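Below you'll find the structure, written out as structure tokens, and then a few comments.
Chain naming follows the written order as A, B, C, D, E, F, G and H, and within any one chain the residues start at number 1.
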Amino acid sequence: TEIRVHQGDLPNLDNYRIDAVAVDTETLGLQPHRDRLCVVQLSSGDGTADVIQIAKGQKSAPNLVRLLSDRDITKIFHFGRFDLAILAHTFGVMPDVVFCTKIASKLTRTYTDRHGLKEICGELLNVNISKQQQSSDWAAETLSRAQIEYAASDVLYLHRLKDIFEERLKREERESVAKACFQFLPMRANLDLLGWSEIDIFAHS
Amino acid sequence: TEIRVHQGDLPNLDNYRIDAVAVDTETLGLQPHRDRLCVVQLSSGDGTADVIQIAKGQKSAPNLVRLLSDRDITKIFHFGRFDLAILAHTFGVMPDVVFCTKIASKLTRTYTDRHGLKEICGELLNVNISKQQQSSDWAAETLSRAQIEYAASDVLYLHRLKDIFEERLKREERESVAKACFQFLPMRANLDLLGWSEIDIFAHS
Amino acid sequence: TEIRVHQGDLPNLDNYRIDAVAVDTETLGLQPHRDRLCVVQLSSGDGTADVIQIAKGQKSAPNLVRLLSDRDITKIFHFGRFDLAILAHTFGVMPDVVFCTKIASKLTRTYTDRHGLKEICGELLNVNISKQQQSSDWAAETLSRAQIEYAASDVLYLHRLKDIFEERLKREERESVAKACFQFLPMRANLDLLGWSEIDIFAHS
Amino acid sequence: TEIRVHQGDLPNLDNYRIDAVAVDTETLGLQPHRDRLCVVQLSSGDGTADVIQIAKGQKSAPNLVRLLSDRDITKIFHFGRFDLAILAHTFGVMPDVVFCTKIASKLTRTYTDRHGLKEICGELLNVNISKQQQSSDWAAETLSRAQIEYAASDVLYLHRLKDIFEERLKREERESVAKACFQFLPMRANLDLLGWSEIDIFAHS
Amino acid sequence: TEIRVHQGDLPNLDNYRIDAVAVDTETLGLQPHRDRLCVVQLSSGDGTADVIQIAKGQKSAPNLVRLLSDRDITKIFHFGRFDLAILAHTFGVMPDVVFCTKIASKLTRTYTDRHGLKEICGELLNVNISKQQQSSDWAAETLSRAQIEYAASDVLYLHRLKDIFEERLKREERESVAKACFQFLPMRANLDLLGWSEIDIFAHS
Amino acid sequence: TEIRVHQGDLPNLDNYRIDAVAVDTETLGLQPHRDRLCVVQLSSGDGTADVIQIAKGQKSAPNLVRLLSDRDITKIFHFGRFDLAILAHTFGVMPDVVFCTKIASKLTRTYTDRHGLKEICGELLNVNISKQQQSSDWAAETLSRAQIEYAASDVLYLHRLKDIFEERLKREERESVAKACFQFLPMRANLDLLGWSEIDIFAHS
Amino acid sequence: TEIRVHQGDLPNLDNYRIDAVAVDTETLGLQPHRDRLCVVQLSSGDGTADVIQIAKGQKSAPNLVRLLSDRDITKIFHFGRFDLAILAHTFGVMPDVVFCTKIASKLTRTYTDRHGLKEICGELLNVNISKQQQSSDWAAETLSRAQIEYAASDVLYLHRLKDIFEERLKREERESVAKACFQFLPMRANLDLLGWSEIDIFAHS
Amino acid sequence: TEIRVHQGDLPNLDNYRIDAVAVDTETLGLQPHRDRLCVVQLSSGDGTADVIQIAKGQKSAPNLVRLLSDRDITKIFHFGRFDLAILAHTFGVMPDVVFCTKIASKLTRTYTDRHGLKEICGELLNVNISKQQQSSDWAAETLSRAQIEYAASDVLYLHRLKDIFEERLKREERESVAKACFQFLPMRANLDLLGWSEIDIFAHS
């Protein structure tokens, strides 16, 4: 596996002239107002990944933000509700063309109640992702090799999952449901940033 | 107050050449697959209401459905998540231009945790709605006068609430949030009809 | 209202040559193995009631038990799961032709979650039953007038409820469901006596 | 072990001229209105099994339904409350002669609170069933060998369990209790289909 | 009603040459190690009461302690588990001849789940005790008249309750159960003082 | 009662040359990052109050902030954990000489579990505060008379409570405990602003 | 290890002329009114055990009951609350000289919250008891060797535990507390048989 | 590793002329009023430890208390809320210069919810601490070698953790927050001793 590690931003977009890009983030925690973005990982689906270390207080990443803003490229996330929130909070741009594997799983893998990425990758691809490094110091000046490999493992498989989930959504005739959910997901993330992160806005109570 | 009671459908749309119509329903319960639609109430905001008794097994109401399908007329609901579901299940047409006072309350009345219609009407208008008839036999062949007055009371005030809530949403700069929520609300109702009524599709667990 | 109070048993069955009899009990508590049967109340539906005081250790009541065993007479209960259990535990005979207003309410009053006798009588008949004496010393040698009137009030209305509930069950096409539930109710009561009173025998867990 | 895999239906009933047949199903989930029947497995108890793949939208399976409707053949299930519901929803025929190993376990294995099939098979027969494939894509056009073996393992042992449970029910004198529970089980399943799947119809609250 | 208010101790025992004395306490709270004893109330059952104000840091009350230690006099409490604990903690003497109306209620008033003193007095005697002053500053140098009347009301009726409860215990044949419970109650209070106040020492977990 | 209503700030500090000032706030809700400060109320303890309407986006209030920063003047709050947070978030100055009636109540009113301002005022002073206006639109351009009177009622009594609580703290020898709690309270509020509002920082879990 | 298996009763008491006997039971479940006594195991502490199979409906075991009734012999149990209940229910004799290792553990092993027999034996003696057979069919006509060895393992170590716990109770000065708890334990078991098995008779609620 | 075991007290302070000392305790349980201090462990950070056995009823340890009272030496704890309480309760001196690794973890390891010492040591240092002996008889006259090694393992690493946590607190700019928390920690422990151990003194409820 090829993992290219960068400081601050991509050098250029030569490797990301594609129709869909897998995106994930790492942070110091679950609360975007307290816990800063530390790492962004990207993959074109070609079996390689880019891992971009974000500096404390960094407000801009022009090449990355160009990728995030381009409406002709679908951004694939797992539980994008969080990643969209932290990305918009950090760089000020909210992506609006997204696919979320957690929503897709909840709309298709109706035979289980376990929708985490580890379980999805295990069941659909028989690939074992080890989550031991998920809780680690992502703000370290130098990431360990184990950290880098874990960070890359989170984007290496999202394209294959998207392909399978699109097949399942077509088979079970839920394409318009998923499309509407993905269309609303950026506003769910914005609501999270504004202060309703603990509130189901559509619930009766 | 003028309450016109009809059987099956409106006679015509002469009274509903307006930009927004208040809509509510009554049913035999909270589960659209088990509990049939029994009454539909409408108001143009002029202080009068129409109460339409729906027969068992009735599949069509052409004038009402014409109103519900007209994209130039905003349908105002309180907790439209339910009403949209039961209306689409009964007549096969899902409205797509809606305003929901419960979502608006949750986005604006942040100083309270009580978002029911009774509390909203009491606080915003100092009008006391009595909910005693909410749990009654709405499938009766002949509705009582108390039932008819209660049913009318649920639509008589939605226009005034919409006006106030639009003022609050503009004041607190949440118009685009509310618009996106209202745009997603019909798909939330469809998800309810399809079997995810007990599932927050965006939650981590 | 006419309330005839008896010691031990009915003098005869001259007043109970009817197709359905309303039955209720009072006890020292909810656990038949600890809490003895103290009072049995009966009504033919003619606006009068019989209140039979049961002595401590009494094992037999031949006229009452003749009524309870007669398969040509439907026994009407409210929450018969309990009354059947305590009656079978006390006299050794389990009725097998029953109607239960709580099951009927749960199968028909789907628009509410309150299925107690007070709420049913209030909604369906606009009659106010006062439950203040429900928790009182039913084992007293001499019952107070308030106790006797309360005990009679629990059977005076069950016929009218049965008539209305049968109308609702026919209207909503649930007659065979109710019939099967009533057929199983005596075995649910037997299961209670045998030790599964806290167990839903049909639940997954 | 011999596992015969069929498409749509049994070719004939030559192998099922027997007094009792073990039956199980697999679906896309726990909610019959959303989650379609995908596989039906059968065994005569001779150590072989039939696994029948059900197509999307299939409404009829005449040989299977003939077996399911024949009152002279007892259908053995584990947690038949679910299987009866999905079978009746799919093919329109509700079996009325059934035996359920979960009810039997709850009536006899009173020394444990674990009544799942894995635990029952482990304790009563010392046979280890692996449930890893229980949550898998049962709607796949081609089932994997592991899926087929898992599906067969669920019916291969129900006859032996029925024999042991009948011995236990006779020993502890609960035969009439079990018989009444099995008689009510199809109506419990019907109640599930009608919308009371989350309601204990006999509970006080 | 006659209420004699004393500072520190009774002047003598001339009024307490009796077979049973009603006893209650008031404190600054539910935790004897933090919340000091402030008032002790006594009654002989003759319709009069003594209310003894206890000073901060007071370690001795010889006449009161003589009464508390005399094994020929039954001390009547309501929820004596607490009063015994605070009395033993304050004066160093644990009474060993006691009657508790809460234990008696739980052993006899099996038809209710409300065993507080207010409910018992209301049901058994039709006397309304007002608990408004229960949460008040009992450490005040001068108690208000309302406080004094409330404090007296808690002992004025315990003799009558004891008489009725003894009748009920005899009637239901639970005398030896109650006697054993009362014999253990002082050790339950000691266990509370030693640090097991939140632990059911006899529970499995 | 004299209530002086101001826009933006006090005109001067001529009325607040005192040793302690009662302070309270009103907001659009419980979350300082979402819900802006709308009203600040002050009282010198002389039976009059000042009610200062804060404009949207207002960042400065020099006379008020001078009062809040003056270390020679004790700021009295009820549940100052919140008020300190919203004041520091709005004007950028955290008071460091405070008294909190909720902490004082929890350290002295150990005989009750109700520590709200209404209950404290009722018990200690026999004054009835009506909280009906607590949940109202505090951002209105013009406050109603009822709103103004409610806002003033929250500061009119804090001096008298402080006097009584200081007496109780001296009597029960908890002065150094209270002093340390008040010294830590501003940092508890800062922790709230930083993102630990839902976390007991000292708990084991 | 020597395990003597008997049918119905001990042949004689020649091996049980001792000051303390370890006692345990096995049943069909936790509810003495439903779940019959199946096995009784005894040990004198000499490293051997007696396992007595109890027949269905057996009402008498004269040698065993002689042992159970002899006040000069302490009966050692683990969680005797249950064993005393089932023994008294089966043979009609309640032991009144008992020692319970669960009460002793709760009074001495204050540094842990795990008081089960497995954990106690592991910690105090470094002996590993395997509980796999705890949930098995104890009513089988012929017990398996594994069942017999498990049943014997439950009494083989109670003497050593009693010795250690008596040392701990003396060291921490809790002997009179334990003695009072053991004195009350038979009445706690009687209360269980009478119907208060789910009630803490000493709790406030 | 060098572990020096002492009885009662250190012989002298020759090894503890340092700027910071790691401190931990072992007790008979979590409740200082019931569960006595049994062991105190200390380390200077040089890879050696002192383990001091405390006798029952011991009130003084002059050299240890001299160390605990010296304001020029920072005492490092893990969850010092407990250790401070038990130390002050036993020897009457409350340390006032402390560092707590649990507070530091909650202020810095925001990417996890597991703040126990085992997890911290595993993540930050890759050192595996085995907690098997945590629940053991610490009051034994002679500690086992395994107990001594476990007790030493709890102080051997606190200096390294303090160094890392100080780096993290500086990096994330939370030094003044941590300092204020550490300043309040002794009063939190005092509040625990006084009776508020189960109360969040700053919570609204």
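Points worth noting:
Here is the rule we use: a contact is a pair of C-beta atoms (placed from the backbone, for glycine too) under 8 Å apart; a residue touches a chain by one contact, two chains touch by 3 or more.
The minimal number of chain-to-chain contact steps leading from chain E to chain F is 1. More than half of the residue-numbered contact pairs at A-F reappear in one of the options D-G, E-F or B-D, namely B-D.
Averaged C-alpha coordinates give centres for chain F and chain H that are 37 Å from one another.
If each chain is reduced to the centroid of its CA atoms, chain A and chain G end up 58 Å from each other.
One finds 41 Å separating the Cα centroids of chain G and chain H. Along chain G, residues 31, 34-35, 194 each make contact with two or more other chains. If you check the complex, the residues on chain G that touch chain D are 27-29, 31, 34-35, 135-139. Those residues of chain A that touch chain B in the shared complex are 79, 81, 102-103, 106-107, 174, 177, 180-181, 183-185, 187-188, 190-191, 194, 196, 199-205. Per the touch definition, chain A reaches chain F in the complex via residues 31, 33-35, 194-195. If you check the complex, the residues on chain F that touch chain E are 110-112, 114, 123, 171.
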